[PDB]
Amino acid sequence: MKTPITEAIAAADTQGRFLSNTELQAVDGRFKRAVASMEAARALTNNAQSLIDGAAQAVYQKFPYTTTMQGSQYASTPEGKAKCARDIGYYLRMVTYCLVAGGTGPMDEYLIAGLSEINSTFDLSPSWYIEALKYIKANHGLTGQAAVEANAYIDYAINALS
């Protein structure tokens, strides 16, 4: 999994070298940033449910057809709505994994790999999940560098869907 620390080791291991100051400086930056990253992960976790519930509605309001249109890919049934809230929660949970791990690795491995294939096969529009992420970014209530961490990984998701 791609974290600042596994990148440091990967770099050294690729060249057949012991670690050096070059790499330890990189891990120190991960350890220092961790303060702001944890603060964000803890806040997003504590407010996860209202953020998922809020994000799901932002989608249904932006894209009303997804609640009235017939089809197993839409949220026009109780099951559809459940699947959607489920997916939004998956995205939110991956953001907190990235904050805790200090990199994109968790989202890369668990969500982004295969994403475009899944969205095509099941006829899921990326516009939906972008809007859900855009809503979380606006209403997570984070300030300072904690917001910068959170937005960096939410915007990372958004670029994967664009």
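Numbering starts at 1 and runs along the sequence shown.
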Next on the checklist: So, looking at the entry's B-factor column for Cα atoms, which has the higher mean, 113-121 or 129-137?
Outcome noted: 113-121
Next on the checklist: Averaging CA B factors per stretch from the PDB record, which one is higher: 150-158 or 7-15?
Outcome noted: 7-15
Checklist outcome for this item: Residue set 34, 59, 44, 52, per-entry CA B-factor max assigned to 34
Next on the checklist: Can you tell me whether residue 102 has a C-alpha B-factor in the lowest, middle or highest third compared with the other modelled residues of the same chain?
Outcome noted: middle
Checklist entry - How does residue 48 rank on Cα B-factor within its chain, lowest, middle or highest third? => result middle
Item to check | Entry-reported Cα temperature factor of residue 95, expressed as the chain third it lands in | outcome: lowest
Checklist entry - residue 75's Cα B-factor: lowest, middle or highest third of the chain? => result highest
